[PDB]
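Only one chain is included here, represented as structure tokens and corresponding to the form deposited in one PDB entry.
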């Protein structure tokens, strides 16, 4: 046959081009599963892959019109589509895919079989993934104080560990773990450590999602939710005042199934995989809209009881209600978080939590006994 068909066969045997059910080809350049709808980037792959075909097959993929022939041949040999982001226990970094079951990191060609589209945004190295480092203790002390390692603070410790660890897995989690506690207790600190550790797979949302109906109109926070592995719901308003809505029971139902029932911007097909770990940051008594016996199996809560106070107002925090210990916040601590000093240390700690709590199976168990709003059905 012609050379321009053998070339399109060989480029297809490397499985560099794949077809998705959404109708868009995904190519593999610069060690990343890239895809674009505005411009099909198959000719870029055909040009870049020529350093692997034999001499005569490489000395001819230089004319721009012998590359569109090859692209046209390729587009006529991809009949069946394949699905993306199937492996849930993989963390995609800008230069590879990191395993969770044993911590091995695959980089380059090896990190290709796991068809992962989204990425964290930053690179990876083993120089800061070390078990022992000064930063290891510089976060061990903060973790110990942010959640005391006492027998009274034992259930909360393990529940908080599980909730933070479930932020790396790429699967659907049915739970809306709550973050009960006052301000200056550590909610913002954890919110920034988590963002530094996971990067792009983290979206800070408002209270609009929990008090609206997700059926009509543009749905940006259902659109950009696509394949995100974390959603944070801080700045929650007060419920005792008038005009503040309640926690919509239907919304909780729509955030616990392995494919959220929503539509993209001006689209019709329903395919928006929900992998987020919806974490709600609270300050007051959370009151729901309508309570039924099939709802408490989707709600869990943890409590923070360590007050951070500068000497400006330190002497007025030791006499508070829900605090076992009162600590101080460092001046450059937040800037140190923005400096990504402990990004890899926090990543390592999360990996250890994952391989200590989620090796056999993954599950989040609701804890409705702590929350006393129900108070009627138990």
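Residue numbers count along the first chain shown, from 1. In this text, the rigid core denotes the largest set of C-alpha atoms whose superposition between the two forms falls within 1.5 Å.
What comes next is about the form deposited with a small molecule bound, which does not appear here.
Q: Tell me, out of 136, 142, 227, 194, which residue has a non-hydrogen atom within 4.5 angstroms of the small molecule in the deposited complex.
A: Contact check passes for 142.
Q: Of 146, 91, 164, 74, which one comes within 4.5 Å of the small molecule in the deposited complex, counting heavy atoms only?
A: By the 4.5 Å heavy-atom cutoff, the listed residue in contact is 146.
Q: Find out whether any non-hydrogen atom of residue 186 is located within 4.5 angstroms of the small molecule in the deposited complex, and reply yes or no.
A: Yes, contact at 4.5 Å.
Q: I need the one stretch from 186 to 194, 111 to 119, 151 to 159, 95 to 103 whose residues put non-hydrogen atoms within 4.5 angstroms of the small molecule in the deposited complex.
A: Correct option: 186 to 194.
Q: Residue 103: with the rigid core matched between the shown form and the other one, does its Cα shift 2 Å or more?
A: No, because once the rigid core is superposed, the C-alpha of residue 103 moves less than 2 Å between the shown form and the other one.
Q: Following rigid core alignment, is the displacement of the residue 352 C-alpha between the shown form and the other one equal to or greater than 2 angstroms?
A: Stays below the 2 Å threshold, so no.
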